[PDB]
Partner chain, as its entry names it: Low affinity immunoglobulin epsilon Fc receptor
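In structure tokens, the next block holds one chain alone, the form solved without the partner chain.
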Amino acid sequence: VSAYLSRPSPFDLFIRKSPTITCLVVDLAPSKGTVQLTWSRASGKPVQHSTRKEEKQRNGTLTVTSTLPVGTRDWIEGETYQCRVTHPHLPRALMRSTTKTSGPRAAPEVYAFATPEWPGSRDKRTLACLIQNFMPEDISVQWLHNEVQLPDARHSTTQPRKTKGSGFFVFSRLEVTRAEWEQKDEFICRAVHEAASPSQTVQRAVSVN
């Protein structure tokens, strides 16, 4: 049995301003309807109501996820949140905690590129975005077309990796359609990161032609 606790996404924390964290306990093969999941704050102040979601996955094991909304100011000023997991056949209850990452800050460089045409793909292009030299590693990426955000399912972002320096990079990939670039040939890759000043966004336009 293993447990994971995430931090809020920069997007939710800075753009939507409704940050949440998620406690994920995995690999709970056997059943005894009572995998207790308890939230609290390191300061002792009260936590909000959380949602619960337990799903049998077809690898023989059970997954349970609980999401807790947190205060925007509370998280930025450095509160630490904690998820204690009590299982029925537990030896000891398992504790996980989360807080904003410490260390130096550094704004991401953003660069946006369009691929050329490949044989057998006249009506689509791939756009890629390189976002690099940021710290800490938490970052969201959003793509915009017609001054609106495209659904997130439409792009994929790689996991943060260390650069040869002390900063991190991710790449983001987004396939687009002729209908889109012809209607408006400008796509914006926008990084959301706390060190980006002000407004926590740095962004870059690219066009297909």
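Residue numbers count along the first chain shown, from 1.
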Q: Between 139 to 147 and 33 to 41, point out the one with the higher average CA B-factor as the PDB entry records it.
A: 33 to 41
(Q) Test of understanding: from the entry's C-alpha B-factors, which stretch has the higher mean, 88 to 96 or 115 to 123? (A) 88 to 96
Q.
Please place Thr158 in the lowest, middle or highest third of its chain according to the CA B-factor in the PDB entry.
A. lowest
Q. In terms of the chain's CA B-factor thirds, is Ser166 lowest, middle or highest?
A. highest
Q. How does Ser172 rank on Cα B-factor within its chain, lowest, middle or highest third?
A. lowest
Q | Within-chain third of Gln82 by Cα B-factor, per the entry | A | middle
Q: Sorting the chain's modelled residues by C-alpha B-factor, tell me whether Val26 ends up in the lowest, middle or highest third.
A: highest
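A second form of this protein, the form deposited with the partner chain bound, is not displayed here; the remarks below concern that form.
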(Q) Whether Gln200 contacts the partner chain in the deposited complex should be assessed with a 4.5 Å heavy atom distance threshold; does it? (A) yes
Q. Would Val26 count as touching the partner chain in the deposited complex under a 4.5 Å heavy atom rule?
A. no
